[PDB]
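The chain that follows stands alone, in the form deposited without this ligand, written as structure tokens.
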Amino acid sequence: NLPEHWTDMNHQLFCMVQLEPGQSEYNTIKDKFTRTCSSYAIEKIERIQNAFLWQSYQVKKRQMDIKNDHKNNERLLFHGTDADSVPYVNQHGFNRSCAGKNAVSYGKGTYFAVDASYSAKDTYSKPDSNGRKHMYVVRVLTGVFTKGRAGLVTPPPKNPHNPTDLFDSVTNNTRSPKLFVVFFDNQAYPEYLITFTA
């Protein structure tokens, strides 16, 4: 049941759609990026249309919407990546088994930044052999969250006497969240890919 602003893909399941700088769609992403990354320059922004990831992600959104009490369950966040991971992410999304350590670790899952500046660090968005850096703009199901800790393999339980009722994600700091970690597949939809440069 695919979004109606999507390009018609003609029975195909995957497509990257190049956005056009006049569009509000392009400019809102650009502005979100330049909020913290004004020193960097955008080459192109591509919309990612992946039917299967979209469908699995939306089911999990519905479930989290049901389980949580009228919460705002989804945030739009950034993830820097190397060029070599781009084909995999476009197709298969974010895999906790493939994630690198963060400089500051709040668990073993996939990290998503509030600020594009964070993701824009050479450590996360490594320059390809042409100087191009790569960052995804992601819908992430952050749900209800707590401060994480380095050893986490899943989010911690809300209550220790009920170990299976879990927070949806973890953050560095619940007062001022700058990162969120997710620990399950299809909890994050890669919506746009920003190609950018110095």
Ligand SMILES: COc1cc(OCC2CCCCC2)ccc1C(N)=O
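By rigid core we mean the largest C-alpha set that fits within 1.5 Å across both forms. For every residue, the number given is its place in the sequence shown, counted from 1. Residues that one form lacks are left out of the comparison.
Heads up, the form solved in complex with this ligand isn't pictured, but that's what we're talking about next.
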May I ask you to decide between open and blocked for this site, after superimposing the site C-alphas so that this ligand adopts its pose in the deposited complex, counting ligand atoms within 2.4 Å of backbone or C-beta atoms with 3 as the threshold?
-> blocked
Quick one: is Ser105 in contact with this ligand in the deposited complex, heavy atoms, 4.5 Å cut-off?
-> yes
Any chance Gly80 has a heavy atom within 4.5 Å of this ligand in the deposited complex?
-> yes
State yes only if every one of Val140, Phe183 and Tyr189 has a non-hydrogen atom within 4.5 Å of this ligand in the deposited complex; otherwise state no.
-> no
Which residues from 120 to 153 come close to this ligand in the deposited complex, meaning a heavy atom within 4.5 Å?
-> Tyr124
Segments of at least three residues whose Cα atoms shift by 2 Å or more between the shown form and the other one, after superposing on the rigid core = 102 to 104
